[PDB]
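Inspection log for the structure reproduced underneath, given as structure tokens.
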Amino acid sequence: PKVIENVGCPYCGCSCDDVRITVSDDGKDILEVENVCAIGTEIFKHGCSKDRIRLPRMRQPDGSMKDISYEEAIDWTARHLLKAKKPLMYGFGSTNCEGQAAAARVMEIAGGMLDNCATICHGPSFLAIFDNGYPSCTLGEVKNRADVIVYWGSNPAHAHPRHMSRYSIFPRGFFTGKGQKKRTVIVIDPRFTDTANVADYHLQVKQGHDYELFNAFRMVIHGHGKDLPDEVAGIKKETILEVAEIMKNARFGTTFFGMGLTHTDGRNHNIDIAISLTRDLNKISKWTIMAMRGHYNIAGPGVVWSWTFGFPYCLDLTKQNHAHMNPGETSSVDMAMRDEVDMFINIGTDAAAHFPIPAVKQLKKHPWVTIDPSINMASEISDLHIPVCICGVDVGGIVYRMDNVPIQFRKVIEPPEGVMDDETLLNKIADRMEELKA
Amino acid sequence: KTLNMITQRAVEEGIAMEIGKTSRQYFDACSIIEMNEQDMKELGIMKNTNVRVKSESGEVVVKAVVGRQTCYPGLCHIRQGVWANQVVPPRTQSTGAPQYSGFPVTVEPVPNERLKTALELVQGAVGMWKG
Amino acid sequence: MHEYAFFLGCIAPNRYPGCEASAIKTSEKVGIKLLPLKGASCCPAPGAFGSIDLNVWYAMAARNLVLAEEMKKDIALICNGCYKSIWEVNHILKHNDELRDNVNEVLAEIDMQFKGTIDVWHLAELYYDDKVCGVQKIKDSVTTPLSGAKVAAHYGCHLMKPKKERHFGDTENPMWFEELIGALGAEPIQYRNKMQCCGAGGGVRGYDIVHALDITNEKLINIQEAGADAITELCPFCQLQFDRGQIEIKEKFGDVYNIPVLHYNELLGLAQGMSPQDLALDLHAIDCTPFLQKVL
Amino acid sequence: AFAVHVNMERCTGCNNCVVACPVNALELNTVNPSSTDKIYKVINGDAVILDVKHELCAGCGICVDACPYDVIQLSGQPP
Amino acid sequence: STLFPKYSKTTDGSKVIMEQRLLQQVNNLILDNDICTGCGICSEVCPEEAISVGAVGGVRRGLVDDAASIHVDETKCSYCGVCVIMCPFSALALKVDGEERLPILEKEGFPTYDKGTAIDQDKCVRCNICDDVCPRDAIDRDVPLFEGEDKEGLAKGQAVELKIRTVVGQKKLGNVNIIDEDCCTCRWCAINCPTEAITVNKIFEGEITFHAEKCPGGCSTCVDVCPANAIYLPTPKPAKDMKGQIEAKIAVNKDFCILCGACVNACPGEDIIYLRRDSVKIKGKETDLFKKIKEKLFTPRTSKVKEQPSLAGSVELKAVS
Ligand SMILES: Nc1nc2c(c(=O)[nH]1)N[C@H]1C(S)=C(S)[C@@H](COP(=O)(O)OP(=O)(O)OC[C@H]3O[C@@H](n4cnc5c(=O)[nH]c(N)nc54)[C@H](O)[C@@H]3O)O[C@H]1N2
Ligand SMILES: Nc1nc2c(c(=O)[nH]1)N[C@H]1C(S)=C(S)[C@@H](COP(=O)(O)OP(=O)(O)OC[C@H]3O[C@@H](n4cnc5c(=O)[nH]c(N)nc54)[C@H](O)[C@@H]3O)O[C@H]1N2
Ligand code: SF4
Ligand code: SF4
Ligand code: SF4
Ligand code: SF4
Ligand code: SF4
Ligand code: SF4
Ligand code: SF4
Ligand code: SF4
Ligand code: SF4
Ligand SMILES: [Mo]
């Protein structure tokens with residue numbers, strides 16, 4: 001019955017911080033959680049569990065898995081990181097920004113490849129940002145000004161549940177006092193998703209033809225739109241002209257995109273034609289692209305490694321004094337394919353589940369270490385499983401929202417007696433490696 | 001028959017993973033095909049029956065249902081997870097983003113065959129399936 | 001999540017296991033938790049065993065009741081005959097003192113006493129009650145519409161009759177079970193003499209199979225005339241009669257109906273998305289495939 | 001004064017029924033707020049209707065039209 | 001008991017049919033739910049207090065299925081037909097045996113509304129504006145359809161009486177009228193007619209006021225349910241034109257408001273809307289019943305939040321002093 005305000009929900013890009021927890025009398029049981037979506041409710045319900053991992057656990061010859069002390073696990077990982085020739089550390093989607101700084105230091109000492117879930121998720125988007133730029137905005141800007149909203153290839157209803165009710169559509173802002181009723185929502189994707197149910201338009205496009213769709217829109221905008229064919233990408237020219245007229249007349253627009261663009265043919269060229277469209281619309285209106293980042297602090301590795309090495313993802317830290325970045329050559333999946341690794345470290349992700357199974361097969365040839373709070377597929381095919389605190393429930397810190405706005409997450413439960421957090425763990429690994437004098 | 005395919009999200013799927021990747025909720029949420037009613041009739045797939053989704057980079061036995069989110073004739077959909085990534089092709093096009101949406105696949109109605117659990121799928125792909 | 005001991009008599013586990021499997025799954029999907037009963041047996045089947053000896057009927061039903069009494073839980077049932085045995089012996093021994101005494105000194109030979117502390121419910125009764133899962137909750141849980149199917153309900157006799165001994169209301173033309181089928185999306189149809197016995201009760205199924213089959217055939221004729229595509233039922237006796245007896249009617253007489261017979265729990269599973277293989281519809285004598293083509 | 005029913009089984013906690021209700025929007029979005037009572041609040045991930053005695057709803061349909069995966073049934077007949 | 005006063009209430013498609021059986025005599029109060037507009041001028045007028053008003057916004061938007069705009073207690077209704085005479089948009093009909101039959105008018109016991117419609121065919125020019133602006137489908141224009149949108153009614157060149165040169169005077173091909181039982185006296189067609197050839201007079205007179213500062217924004221239920229589309233959401237100004245005045249949230253056009261009351265019945269706010277009618281315009285003399293009905297219609301009203309629970313399932317407004 002000790003109600004705690006302003007907590008952070010640590011799952012989706014929304015980084016919602018309007019969460020209220022009613023912690024038990026002893027400060028270690030969560031009773032009721034208000035204002036959060038279900039996916040979040042379950043995160044907190046799992047964090048407040050009574051039967052949770054407390055010590056590392058090693059793979060014995062028999063194939064079972066027995067516990068070891070933290071110092072022994074740190075010794076194991078340090079010795080292996082030094083003995084290896086090009087270790088790969090992957091993850092960082094779900095960690096505080098101190099967890100993504102400590103890891104950068106550890107792999108600076110080691111000399112391996114450091115990488116995050118950007119490669120497999122919105123890294124194709126960054127590659128377009130490198131090409132064309134990122135005309136964007138914070139989310140309060142679309143809350144307080146947006147007149148048109150476009151969800152191109154995204155599905156907020158199931159990806160980011162309270163995105164619509166917090167930032168985009170339903171809130172009544174300052175210059176949008178009328179709320180939804182003066183917002184025009186356009187949703188583009190081949191399915192008739194729940195976002196399309198809520199929407200007012202829908203451009204059911206053939207899966208994979210978004211490049212042709214964007215080119216049609218941009219010819220319309222550039223002015224001689226009469227040269228369009230009868231239909232484009234399955235969309236009909238009159239509907240194209242309708243949506244384009246709405247976009248032109250928008251007082252302040254905003255485009256959101258997701259897997260519909262970053263996981264189909266022409267991974268980054270879809271995103272950069274979208275960005276070109278936004279830059280073209282800002283000739284006569286105000287339009288701001290914006291990427292639907294997935295995990296809470298998945299924009300955290302981007303900024304932290306931007307300030308540390310200058311490169312958001314796919315870091316080639318093997319020269320030990322100059323880093324390199326080329327996603328086609330230094331990314332986790334391509335290196336796993338070309339068996340270019342020597343050790344895989346699972347930190348803040350589920351590589352076993354969410355990688356292609358050929359890549360997982362290629363990777364498991366080498367040692368495999370997992371730093372997770374709870375059991376998952378990586379912790380089931382790893383060699384040792386080091387527990388760690390959960391961001392936002394057992395430990396606080398900074399996280400980075402969809403739009404690179406830092407939210408400060410709070411602590412609601414003390415972690416089980418013995419369990420440390422990743423910044424302490426990565427720092428101890430780095431200290432032990434320097435002790436081993438490499 | 002060529003039957004283009006995508007792999008995407010669902011709230012029940014997110015809920016399931018945060019219950020736990022090894023839970024009955026996760027099994028129920030992810031082992032799912034959400035295809036079109038016209039395609040189900042034309043192929044010969046009984047609603048709520050196992051089916052063999054076999055692409056060039058694998059194979060998986062997955063329950064076949066119909067989804068509210070109306071897939072147009074010629075589209076498939078698995079909620080992302082163990083089962084979908086058993087069949088996702090690894091081609092990246094030198095970008096690091098595998099072909100997670102938009103790969104061809106053939107669908108074969110194969111009832112009377114069980115579904116493979118998440119642990120069984122992954123630990124057997126690696127060669128660790130003790131149980 | 002309400003919790004009930006799941007009695008699970010003889011025919012559902014040993015002839016139609018899909019009925020019990022769907023019972024557990026669908027009850028869990030709605031807010032009900034069905035717990036196994038530890039060492040329960042045949043509820044002394046009211047016809048074939050009550051006709052022989054009422055005292056041993058009382059003793060065995062009381063033993064089944066005191067198992068769940070020790071479990072400290074309320075019985076949940078899926079059979080009208082099991083409901084008769086369990087619920088009615090519970091009700092009789094909650095009020096008749098000399099019968100309590102007699103049953104107790106019979107049960108004292110196995111270190112076991114009846115005190116009358118629990119209640120007995122039919123699963124469909126729970127699905128209909130508003131405190132427990134209601135019709136609206138069933139509609140919410142339904143995910144496959146099952147639309148465009150004509151479905152005939154068979155209430156049975158031991159759930160609702162005699163109305164001076166039960167609490168379900170009118171026995172002449174009840175509509176409550178028709179509301180549960182309408183919740184699933186299937187339209188329930190009305191047929192002549194819908195409240196007729198199926199003919200399997202009282203041991204007639206065994207004593208005079210031709211007599212029992214004639215009683216069943218009267219129903220099957222009325223149902224076909226109405227135009228049903230399946231027959232829902234709340235009793236494994238009645239399901240066995242309507243299922244086997246169609247085959248025995250096809251052989252002893254020359255009548256062909258091919259009307260699938262499904263328990264309401266099996267239809268609820270189909271509505272909630274369970275697979276036909278997971279429901280074991282291959283264990284029925286009468287093929288359900290036309291009905292599956294219609295509703296799928 | 002109508003009655004709204006929320007299917008808890010498919011409610012995702014999206015909170016677009018709370019934000020869009022025009023009786024909820026009375027407190028913070030009106031000059032000199034008249035009534036500060038609220039129909040819905042998302043407690044434990046599902047929308048709970050605090051309007052137990054059916055006194056504040058006006059059958060507007062803004063909340064039924066708002067929920068992305070239809071889950072709110074509006075009853076226009078006396079409860 | 002006794003059975004033959006069989007009271008039934010069936011929803012046959014889109015018509016809610018309320019019936020009273022006898023052996024040979026029936027009584028059918030039939031409400032056409034596609035034309036009802038959610039005003040309460042049928043509940044205020046009911047002599048026997050049977051008609052109540054339901055989920056106006058939801059039903060008028062299509063989000064409600066198990067109800068109509070209005071609920072009539074057919075056990076209390078007396079089948080007088082006062083509701084049918086006093087409904088501005090005829091969405092209620094009385095059928096005694098099988099025919100639309102109003103005994104109270106047959107005996108002249110009740111006045112009727114003087115919508116007073118007319119279109120001087122010596123001034124109308126077959127324009128298309130009056131059919132286009134009509135909020136309800138009440139302009140029956142009977143004109144041959146020329147090459148515009150169809151094959152020629154006569155010919156493009158015979159749309160003008162030409163001697164083949166000069167036009168001979170005037171053309172006026174066809175005939176245009178106003179279905180007098182459907183017009184609601186909004187006056188969109190009179191105010192916008194090019195040749196001032198339409199004569200309609202509003203049935204009600206009074207004033208309606210909108211306190212824009214009390215609308216909670218995204219609630220365009222009033223806009224959605226207004227029959228005469230008098231209400232609008234005032235368009236937000238562009239930048240470099242706002243001039244420090246932000247915007248209004250809602251407003252009305254008193255030229256087109258017909259003082260119906262659907263806006264008041266639909267608004268979920270507290271007192272955004274103030275409705276007061278001052279004079280109904282009738283033909284037919286009068287009655288003590290009609291004076292009572294005038295007194296009932298002419299009481300000022302406004303919205304209300306948190307009405308009483310005992311009447312849950314209907315609407316209750318605020319009595320303004
Ligand atoms: N078929 C298909 N597969 C896909 C995709 C697709 O589109 N289709 N998309 C791919 C993409 S977009 C990515 S993001 C992946 C996403 O997939 P992942 O990035 O793997 O996301 P999760 O599986 O939820 O990882 C959560 C794990 O991190 C743990 N954790 C939580 N907090 C912390 C912390 O603070 N510190 C540490 N050390 N651990 C913590 C959690 O307990 C959990 O074990 O899916 C990918 N796989
Ligand atoms: N419950 C739950 N929530 C999540 C996640 C989860 O796994 N479970 N993952 C989180 C993370 S890691 C991610 S990155 C985010 C991302 O989630 P989102 O970026 O919002 O994308 P998706 O949810 O996968 O749905 C993408 C939509 O694009 C459609 N689409 C597919 N192909 C095409 C195409 O070719 N063209 C167009 N125009 N559309 C196409 C798809 O049908 C789908 O409707 O969600 C996060 N939220
Ligand atoms: S939208 Fe995402 S961050 Fe917000 S409450 Fe839901 S899961 Fe948490
Ligand atoms: S119908 Fe309108 S007033 Fe009633 S709960 Fe829904 S949004 Fe609120
Ligand atoms: S809008 Fe729908 S899904 Fe979202 S909280 Fe309300 S009822 Fe639940
Ligand atoms: S008076 Fe109004 S509410 Fe009553 S029937 Fe006529 S249009 Fe409908
Ligand atoms: S016919 Fe008369 S009594 Fe009946 S509802 Fe209409 S006005 Fe009221
Ligand atoms: S608006 Fe006037 S001139 Fe035009 S068609 Fe109508 S009545 Fe005739
Ligand atoms: S007054 Fe209004 S409703 Fe009547 S004919 Fe003119 S435009 Fe139509
Ligand atoms: S503006 Fe006039 S016509 Fe429109 S709803 Fe209000 S009172 Fe009725
Ligand atoms: S006047 Fe009523 S219907 Fe119109 S915006 Fe205000 S509350 Fe909503
Ligand atoms: Mo992601």
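Ligands are numbered from 1 in the order shown, chains are lettered A, B, ... in the order of the structure tokens, and residues start at 1 in each chain.
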**OP:** Output the contact residues of chain B with respect to chain C at a cut-off of 7 Å, based on only C-alpha atoms, as a ChimeraX atom specification.
**Re:** /B:46-49,112
**OP:** Determine, counting only C-alpha atoms, which protein, DNA and RNA residues have an atom within 12 Å of an atom of residue 165 (chain C); residues of the same chain fewer than 4 positions away are not included. Present the result as number ranges by chain.
**Re:** C: 84, 87-89, 91-92, 158-161, 169, 171
Pick out the chain A residues within 8 Å of chain B. Count only C-alpha atoms. Give them as a CSV table (one decimal) with N, CA, C and O atoms, in the first residue's frame.
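Output contents, as saved in out03.csv:
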chain,number,residue,atom,x,y,z
A,38,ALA,N,-1.0,-4.1,-21.2
A,38,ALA,CA,-0.8,-5.5,-20.7
A,38,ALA,C,0.6,-6.0,-20.8
A,38,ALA,O,1.0,-6.7,-19.8
A,39,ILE,N,1.2,-5.8,-21.9
A,39,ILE,CA,2.6,-6.2,-22.1
A,39,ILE,C,3.4,-5.7,-21.0
A,39,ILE,O,4.3,-6.4,-20.5
A,42,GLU,N,2.7,-7.3,-17.5
A,42,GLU,CA,3.3,-8.6,-17.3
A,42,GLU,C,4.8,-8.4,-17.0
A,42,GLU,O,5.4,-9.2,-16.3
A,43,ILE,N,5.5,-7.4,-17.6
A,43,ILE,CA,6.9,-7.2,-17.2
A,43,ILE,C,7.0,-6.9,-15.8
A,43,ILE,O,7.9,-7.5,-15.1
A,46,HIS,N,6.4,-10.1,-13.7
A,46,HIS,CA,7.5,-11.0,-13.8
A,46,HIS,C,8.7,-10.5,-12.9
A,46,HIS,O,9.3,-11.3,-12.3
A,119,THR,N,21.1,-3.6,-36.0
A,119,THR,CA,21.4,-4.3,-37.3
A,119,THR,C,20.2,-5.0,-37.8
A,119,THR,O,19.8,-4.9,-39.0
A,120,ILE,N,19.5,-5.8,-37.0
A,120,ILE,CA,18.4,-6.6,-37.5
A,120,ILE,C,17.1,-5.9,-37.4
A,120,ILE,O,16.1,-6.3,-38.0
A,121,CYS,N,17.1,-4.7,-36.8
A,121,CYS,CA,15.8,-4.0,-36.7
A,121,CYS,C,15.8,-2.7,-37.5
A,121,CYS,O,15.4,-2.8,-38.7
A,123,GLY,N,18.4,-0.7,-38.3
A,123,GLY,CA,19.7,-0.4,-38.8
A,123,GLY,C,19.6,0.0,-40.3
A,123,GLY,O,20.4,0.8,-40.7
A,124,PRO,N,18.7,-0.7,-41.1
A,124,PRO,CA,18.6,-0.3,-42.5
A,124,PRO,C,18.1,1.2,-42.5
A,124,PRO,O,18.5,1.9,-43.4
A,158,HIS,N,-0.4,-3.0,-32.1
A,158,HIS,CA,0.1,-4.2,-31.5
A,158,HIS,C,1.6,-4.1,-31.2
A,158,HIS,O,2.1,-4.8,-30.4
A,159,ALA,N,2.3,-3.2,-31.9
A,159,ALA,CA,3.7,-2.9,-31.5
A,159,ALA,C,3.8,-2.1,-30.3
A,159,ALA,O,4.3,-2.5,-29.3
A,190,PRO,N,-0.1,-3.8,-46.3
A,190,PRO,CA,-1.0,-4.8,-47.0
A,190,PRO,C,-2.1,-5.4,-46.2
A,190,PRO,O,-3.2,-5.7,-46.7
A,191,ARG,N,-1.9,-5.5,-44.9
A,191,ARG,CA,-2.9,-6.0,-44.0
A,191,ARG,C,-3.9,-4.9,-43.7
A,191,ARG,O,-3.6,-3.7,-43.9
A,192,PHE,N,-5.1,-5.3,-43.2
A,192,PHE,CA,-6.0,-4.4,-42.6
A,192,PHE,C,-5.9,-4.5,-41.1
A,192,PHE,O,-6.7,-5.1,-40.4
A,193,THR,N,-4.8,-3.9,-40.6
A,193,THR,CA,-4.5,-3.9,-39.2
A,193,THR,C,-5.4,-3.1,-38.3
A,193,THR,O,-6.3,-2.4,-38.8
A,194,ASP,N,-5.2,-3.3,-37.0
A,194,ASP,CA,-6.1,-2.5,-36.1
A,194,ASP,C,-5.8,-1.0,-36.2
A,194,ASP,O,-6.6,-0.2,-35.9
A,207,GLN,N,2.7,-6.0,-50.9
A,207,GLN,CA,3.8,-6.1,-50.0
A,207,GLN,C,5.1,-6.1,-50.9
A,207,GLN,O,5.3,-6.9,-51.8
A,208,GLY,N,6.0,-5.1,-50.6
A,208,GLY,CA,7.2,-5.0,-51.3
A,208,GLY,C,7.3,-3.9,-52.3
A,208,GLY,O,8.4,-3.6,-52.8
A,259,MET,N,8.7,-2.0,-39.6
A,259,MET,CA,9.2,-3.2,-40.3
A,259,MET,C,8.7,-3.3,-41.8
A,259,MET,O,9.3,-3.9,-42.6
A,260,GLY,N,7.5,-2.7,-42.1
A,260,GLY,CA,7.1,-2.6,-43.4
A,260,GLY,C,8.1,-2.0,-44.4
A,260,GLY,O,8.1,-2.4,-45.5
A,262,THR,N,11.7,-1.4,-43.1
A,262,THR,CA,13.0,-1.8,-42.8
A,262,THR,C,13.3,-3.3,-42.9
A,262,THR,O,14.4,-3.8,-42.6
A,263,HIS,N,12.3,-4.1,-43.3
A,263,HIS,CA,12.5,-5.6,-43.4
A,263,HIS,C,12.0,-6.2,-44.7
A,263,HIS,O,11.8,-7.4,-44.8
A,264,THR,N,11.9,-5.3,-45.7
A,264,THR,CA,11.4,-5.8,-47.0
A,264,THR,C,12.5,-5.5,-48.1
A,264,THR,O,13.6,-5.1,-47.8
A,265,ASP,N,12.1,-5.7,-49.4
A,265,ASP,CA,13.1,-5.5,-50.4
A,265,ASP,C,13.5,-4.1,-50.5
A,265,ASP,O,12.7,-3.1,-50.3
A,267,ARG,N,16.0,-2.7,-48.3
A,267,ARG,CA,15.9,-2.3,-46.8
A,267,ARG,C,16.0,-0.9,-46.6
A,267,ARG,O,15.1,-0.2,-46.0
A,268,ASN,N,17.1,-0.3,-46.9
A,268,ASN,CA,17.3,1.1,-46.6
A,268,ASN,C,16.9,2.1,-47.7
A,268,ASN,O,16.6,3.3,-47.4
A,327,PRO,N,27.9,-1.9,-42.3
A,327,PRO,CA,26.9,-2.9,-41.9
A,327,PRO,C,26.9,-4.2,-42.7
A,327,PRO,O,26.7,-5.3,-42.2
A,328,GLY,N,27.2,-4.1,-44.0
A,328,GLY,CA,27.3,-5.3,-44.8
A,328,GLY,C,28.4,-6.2,-44.4
A,328,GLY,O,28.4,-7.4,-44.8
A,329,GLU,N,29.4,-5.7,-43.7
A,329,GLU,CA,30.7,-6.5,-43.4
A,329,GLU,C,30.9,-6.7,-41.9
A,329,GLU,O,31.4,-7.8,-41.5
A,331,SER,N,28.3,-6.6,-39.4
A,331,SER,CA,27.1,-6.8,-38.7
A,331,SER,C,27.1,-8.2,-38.1
A,331,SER,O,27.7,-9.2,-38.7
A,332,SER,N,26.3,-8.4,-37.1
A,332,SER,CA,26.3,-9.7,-36.4
A,332,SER,C,25.8,-10.8,-37.3
A,332,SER,O,26.4,-11.9,-37.2
A,333,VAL,N,24.8,-10.6,-38.0
A,333,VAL,CA,24.2,-11.7,-38.9
A,333,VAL,C,25.2,-12.0,-40.0
A,333,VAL,O,25.4,-13.2,-40.3
A,334,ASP,N,25.8,-11.1,-40.6
A,334,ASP,CA,26.7,-11.4,-41.7
A,334,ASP,C,27.9,-12.1,-41.2
A,334,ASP,O,28.4,-13.0,-41.8
A,352,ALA,N,19.0,-16.5,-29.7
A,352,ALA,CA,18.6,-17.9,-30.1
A,352,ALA,C,17.2,-17.8,-30.7
A,352,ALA,O,17.0,-18.4,-31.8
A,353,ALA,N,16.3,-17.2,-30.0
A,353,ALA,CA,15.0,-17.2,-30.6
A,353,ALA,C,14.9,-16.3,-31.8
A,353,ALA,O,14.3,-16.7,-32.8
A,354,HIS,N,15.4,-15.1,-31.8
A,354,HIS,CA,15.1,-14.1,-32.8
A,354,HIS,C,16.1,-13.9,-33.9
A,354,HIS,O,16.0,-13.0,-34.7
A,355,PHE,N,17.1,-14.8,-34.0
A,355,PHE,CA,17.9,-14.9,-35.1
A,355,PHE,C,17.4,-16.0,-36.1
A,355,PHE,O,16.7,-16.9,-35.6
A,356,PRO,N,17.7,-15.9,-37.4
A,356,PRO,CA,17.5,-17.0,-38.2
A,356,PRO,C,18.2,-18.2,-37.7
A,356,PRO,O,19.3,-18.1,-37.1
A,357,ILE,N,17.6,-19.4,-37.8
A,357,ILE,CA,18.2,-20.6,-37.3
A,357,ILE,C,19.5,-21.0,-38.0
A,357,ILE,O,20.4,-21.6,-37.4
A,358,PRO,N,19.7,-20.7,-39.3
A,358,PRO,CA,21.1,-21.0,-39.9
A,358,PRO,C,22.1,-20.1,-39.2
A,358,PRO,O,23.2,-20.7,-38.9
A,359,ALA,N,21.8,-18.9,-38.8
A,359,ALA,CA,22.8,-18.1,-38.1
A,359,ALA,C,23.1,-18.6,-36.7
A,359,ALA,O,24.2,-18.6,-36.2
A,360,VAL,N,22.0,-19.0,-36.0
A,360,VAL,CA,22.2,-19.6,-34.7
A,360,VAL,C,23.1,-20.9,-34.8
A,360,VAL,O,24.0,-21.1,-33.9
A,361,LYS,N,22.8,-21.7,-35.8
A,361,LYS,CA,23.6,-22.9,-36.0
A,361,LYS,C,25.1,-22.6,-36.2
A,361,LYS,O,26.0,-23.2,-35.7
A,364,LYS,N,26.7,-21.3,-32.8
A,364,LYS,CA,26.9,-22.1,-31.6
A,364,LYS,C,28.2,-23.0,-31.7
A,364,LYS,O,28.5,-23.7,-30.8
A,375,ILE,N,15.2,-16.8,-17.7
A,375,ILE,CA,15.4,-17.9,-18.7
A,375,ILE,C,14.8,-17.5,-20.0
A,375,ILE,O,13.7,-17.1,-20.1
A,376,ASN,N,15.6,-17.7,-21.1
A,376,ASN,CA,15.1,-17.6,-22.5
A,376,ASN,C,15.9,-18.6,-23.3
A,376,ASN,O,16.7,-19.4,-22.8
A,377,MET,N,15.7,-18.5,-24.6
A,377,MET,CA,16.3,-19.4,-25.6
A,377,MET,C,17.8,-19.3,-25.5
A,377,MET,O,18.6,-20.3,-25.6
A,381,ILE,N,20.6,-22.3,-24.6
A,381,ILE,CA,21.7,-22.9,-25.4
A,381,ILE,C,23.0,-22.2,-25.2
A,381,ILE,O,23.9,-22.3,-26.0
**OP:** Report as a list in words which protein, DNA and RNA residues come within 8 Å of ligand 5, using only C-alpha atoms and all ligand atoms.
**Re:** residues 37 of chain A; 6, 7, 8, 10, 11, 12, 13, 14, 15, 16, 17, 18, 40, 42, 45, 46, 47, 63, 64, 66, 67, 68, 69, 70, 71 and 72 of chain D
Subject >> Within 7 Å of ligand 6 (only C-alpha atoms and all ligand atoms), residues as JSON, numbers by chain >> reply: {"E": [31, 35, 36, 37, 38, 39, 40, 41, 42, 43, 69, 70, 83, 86, 87, 88, 89, 90, 91, 92]}
Surrounding residues as an mmCIF file with C-alpha atoms, in the first residue's frame, ligand 3, max 9 Å, only C-alpha atoms and all ligand atoms:
data_model
loop_
_atom_site.group_PDB
_atom_site.id
_atom_site.type_symbol
_atom_site.label_atom_id
_atom_site.label_comp_id
_atom_site.auth_asym_id
_atom_site.auth_seq_id
_atom_site.Cartn_x
_atom_site.Cartn_y
_atom_site.Cartn_z
ATOM 1 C CA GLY A 8 8.911 3.520 -16.358
ATOM 2 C CA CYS A 9 7.497 0.623 -18.373
ATOM 3 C CA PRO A 10 10.596 -1.141 -19.877
ATOM 4 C CA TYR A 11 9.293 -2.770 -23.090
ATOM 5 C CA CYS A 12 8.350 -0.760 -26.176
ATOM 6 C CA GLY A 13 9.769 2.343 -27.842
ATOM 7 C CA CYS A 14 7.163 4.488 -26.072
ATOM 8 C CA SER A 15 9.125 4.371 -22.812
ATOM 9 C CA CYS A 16 5.907 5.266 -21.021
ATOM 10 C CA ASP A 17 6.651 6.872 -17.679
ATOM 11 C CA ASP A 18 3.077 7.517 -16.479
ATOM 12 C CA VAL A 19 2.962 4.260 -14.507
ATOM 13 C CA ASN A 35 -2.039 3.148 -16.285
ATOM 14 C CA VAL A 36 0.237 0.629 -18.187
ATOM 15 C CA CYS A 37 -0.716 -1.691 -21.066
ATOM 16 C CA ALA A 38 -0.839 -5.487 -20.685
ATOM 17 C CA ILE A 39 2.618 -6.209 -22.141
ATOM 18 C CA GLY A 40 3.926 -3.879 -19.447
ATOM 19 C CA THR A 41 1.742 -5.227 -16.667
ATOM 20 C CA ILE A 43 6.874 -7.165 -17.250
ATOM 21 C CA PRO A 156 1.088 0.830 -33.323
ATOM 22 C CA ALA A 159 3.706 -2.945 -31.540
ATOM 23 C CA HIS A 160 3.448 0.126 -29.325
ATOM 24 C CA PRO A 161 0.052 -0.081 -27.648
ATOM 25 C CA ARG A 162 -0.326 3.371 -25.908
ATOM 26 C CA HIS A 163 1.391 5.237 -28.735
ATOM 27 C CA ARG A 166 -0.212 9.184 -25.649
ATOM 28 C CA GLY A 294 11.307 -0.984 -30.700
ATOM 29 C CA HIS A 295 12.876 -1.596 -27.339
ATOM 30 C CA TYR A 296 12.922 1.142 -24.660
ATOM 31 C CA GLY B 14 4.201 -9.765 -26.695
ATOM 32 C CA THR D 12 -4.700 -4.694 -24.473
ATOM 33 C CA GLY D 13 -4.454 -1.624 -22.170
ATOM 34 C CA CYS D 14 -4.145 0.708 -25.147
ATOM 35 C CA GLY D 45 -3.711 -3.594 -18.209
#
Subject >> Nearby residues (only C-alpha atoms) at most 10 Å from residue 22 (chain D), same-chain spacing under 6 positions excluded, as a list in words >> reply: residues 29, 38, 39, 57, 58, 60, 61, 62 and 63 of chain D; 215, 216, 217, 218, 219, 220, 221, 267, 268 and 269 of chain E
**OP:** Could you give me the residues within 9 Å of ligand 7, counting only C-alpha atoms and all ligand atoms, as a ChimeraX atom specification?
**Re:** /E:29,42-51,72-74,76-86,92-94
**OP:** Give the strand (DSSP E) residues of chain B, as assigned by DSSP on the backbone, as JSON, numbers by chain.
**Re:** {"B": [5, 6, 7, 8, 33, 34, 35, 49, 50, 51, 52, 53, 54, 60, 61, 62, 63, 64, 65, 66, 76, 77, 78, 79, 106, 107, 108, 109]}
